[PDB]
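[1] 3D model of this:
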Amino acid sequence: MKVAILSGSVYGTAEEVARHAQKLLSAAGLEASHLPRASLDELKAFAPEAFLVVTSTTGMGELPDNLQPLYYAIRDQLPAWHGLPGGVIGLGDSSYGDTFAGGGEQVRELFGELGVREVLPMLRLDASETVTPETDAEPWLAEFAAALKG
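    Numbering: from 1, shown residues only. Below is the structure in question.
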């Protein structure tokens with residue numbers, strides 16, 4: 001099962017979580033690839049059978065500059081990804097007022113518009129209350145692999 005792992009990150013934290021997720025999901029036997037700064041063309045070539053999106057929120061409440069253009073491109077084209085399984089990890093910040101991981105939530109909304117089915121609740125990580133977000137994500141990733149296949 002081919003799993004496309006997308007990331008949105010200002011300084012690299014969500015990117016590192018996504019990289020860790022790639023290693024864990026591949027260990028479990030999934031064909032998982034981390035596609036940082038992915039284009040629509042790259043995703044089309046990859047032909048994903050599942051999605052994992054790991055994304056922080058900017059100070060302006062938006063998706064980071066490295067995932068936002070792709071978000072808009074996907075929303076515009078609406079590829080035929082209906083029925084595929086997906087999950088989201090949202091790197092929130094409680095100190096800043098982002099407790100709920102706004103970026104993550106915007107990805108959930110996209111999944112809805114695409115017909116991608118969430119297989120787990122979004123993981124809400126709090127970047128202001130952890131120095132180990134990669135390890136914090138491990139229990140959720142353990143269940144996510146089960147949820148995909150199958």
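
[2] what about the residue nearest to residue 57 when sequence neighbours are not counted, neighbour count?
    Nearest residue to residue 57, sequence neighbours excluded (C-beta to C-beta, 6 or more residues apart in numbering): residue 103, at 3.8 Å. For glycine as for every other residue, the C-beta is placed from the backbone atoms N, C-alpha and C. By other C-beta atoms under 10 Å, the residues close to residue 103 number 28.

[3] my read: residue 103 touches residue 59, true?
    No. Assessed by C-beta atoms under 8 Å, residue 103 is found out of contact with residue 59, at 11.3 Å.

[4] report the contact partners of residue 5.
    Residues near residue 5 by C-beta atoms under 8 Å, 6 or more residues apart in numbering: 18, 21, 22, 25, 32, 33, 34, 35, 51, 52, 53, 54.

[5] from the chain's centroid, how far away is the helix or strand hosting it?
    In the assignment (DSSP states H and E), residue 5 maps to strand 2-8. In terms of C-alpha atoms, centre = their mean, to the nearest Å, the centre of strand 2-8 is found 6 Å from the chain centre.

[6] can you tell me the SS state at the residue of the chain positioned farthest from its centre?
    Distance from the C-alpha centroid of the chain, by C-alpha atoms, centre = their mean, peaks at residue 95 (22.0 Å). Following DSSP: H, G, I helix; E, B strand; the rest coil, residue 95 is assigned to coil.

[7] OK, contacts around it?
    Residue 95 neighbours (C-beta under 8 Å, 6+ apart): 128, 129.

[8] swap in residue 128?
    93, 94, 95, 96.

[9] what's around the second one, how many residues?
    The criterion is other C-beta under 10 Å. On that basis, residue 94 has 13 neighbouring residues.

[10] that one touches residue 124, doesn't it?
    No. Using C-beta under 8 Å, residue 94 makes no contact with residue 124, being 9.6 Å away.

[11] quick one on the thing from earlier: the residue nearest to residue 57: which element?
    helix 102-114.

[12] roughly how far is that helix from the heart of the chain?
    The answer for helix 102-114 is 10 Å, by C-alpha atoms, centre = their mean.
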